[PDB]
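Colleague: Sharing a structure here in structure tokens format.
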Amino acid sequence: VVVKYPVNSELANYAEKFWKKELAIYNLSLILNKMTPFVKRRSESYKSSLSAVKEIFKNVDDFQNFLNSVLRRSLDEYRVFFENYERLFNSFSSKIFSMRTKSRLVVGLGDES
RNA sequence: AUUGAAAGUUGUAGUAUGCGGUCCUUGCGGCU
């Protein structure tokens with residue numbers, strides 16, 4: 001499918017390669033927010049919604065796997081972050097507890113995008 | 001041929017000491 005990236009000249013070709021899995025990217029929010037694909041869905045109509053972006057991939061499952069594959073590459077750095085976060089908690093003698101999502105969770109659904 | 005002649009309001013001196021832009025606030029509702 002035809003995809004266009006309205007960013008600076010040299011970034012546009014790299015963003016193309018990232019979304020096409022021709023080049024590895026290690027930051028999820030970066031590729032999502034600053035390298036938004038504008039997908040030529042039909043005619044001269046370009047779209048930047050997740051519904052249109054999904055067409056860059058074989059299927060919904062392929063799209064999901066890509067996102068999480070990018071996400072997971074921060075694991076090593078995130079572990080140190082989470083450990084310092086726990087150290088932060090205990091320095092303030094915090095009441096620490098863990099809970100699990102019982103259903104789907106979406107915080108910040110309405111952030112302008 | 002005068003109450004006249006002569007005489008630097010100058011010298012020294014930190015607008016400074018104390019003081020959290022903070023507190024209260026579910027990016028959500030379902031509409032156009």
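A note on labels: chains of the structure tokens are A, B, ... as shown, every chain counts residues from 1, and ligands are counted from 1 in their shown order.
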If we count only C-alpha atoms (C1' of nucleotides), which residues of chain B reach to within 10 Å of chain A? Please list them as a PyMOL selection string.
Modeller: chain B and resi 26-28
Colleague: For the structure I just gave you, how does DSSP split chain A - specifically, which residues are helix (DSSP H, G or I)? Reply as a ChimeraX atom specification.
Modeller: /A:9-19,28-33,50-56,60-91
Colleague: Interatomic distance between atom CA of residue 68 of chain A and atom CA of residue 24 of chain A?
Modeller: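 Between atom CA of residue 68 of chain A and atom CA of residue 24 of chain A the gap is 12.8 Å.
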Colleague: What gap, in Å, lies between atom CA of residue 39 of chain A and atom CA of residue 2 of chain A?
Modeller: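 Atom-to-atom, atom CA of residue 39 of chain A to atom CA of residue 2 of chain A, that is 6.0 Å.
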Colleague: For a test of reading the model, state the distance in Å between atom CA of residue 98 of chain A and atom CA of residue 74 of chain A, rounded to one decimal.
Modeller: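 For atom CA of residue 98 of chain A relative to atom CA of residue 74 of chain A, the distance reads 21.8 Å.
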Colleague: Report as a PyMOL selection string: the residues of chain A with a DSSP assignment of strand (DSSP E or B), based on the backbone of this structure.
Modeller: chain A and resi 3-4+38-42+45-47
Colleague: I'd like the contact shell of residue 18 of chain A - 10 Å cut-off, only C-alpha atoms (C1' of nucleotides), skipping same-chain residues fewer than 6 positions apart - returned as number ranges by chain.
Modeller: A: 12, 24-26, 31, 35
Colleague: Find the spatial neighbours of residue 4 of chain A, counting only C-alpha atoms (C1' of nucleotides), within a cut-off of 9 Å - ignore same-chain residues fewer than 5 positions away - and output them as a PDB file with C-alpha atoms, in the first residue's frame.
Modeller:
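As written to disk, part.pdb reads:
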ATOM      1  CA  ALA A  12      10.820  10.164   5.914  1.00  0.00           C
ATOM      2  CA  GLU A  16       9.334   4.142   5.812  1.00  0.00           C
ATOM      3  CA  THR A  36       2.898   8.691  11.846  1.00  0.00           C
ATOM      4  CA  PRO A  37       2.065   6.885   8.589  1.00  0.00           C
ATOM      5  CA  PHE A  38      -0.365   8.546   6.227  1.00  0.00           C
ATOM      6  CA  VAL A  39      -1.805   5.618   4.285  1.00  0.00           C
ATOM      7  CA  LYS A  40      -3.357   6.022   0.837  1.00  0.00           C
ATOM      8  CA  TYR A  46      -4.912   9.585   2.925  1.00  0.00           C
TER       9      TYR A  46
END
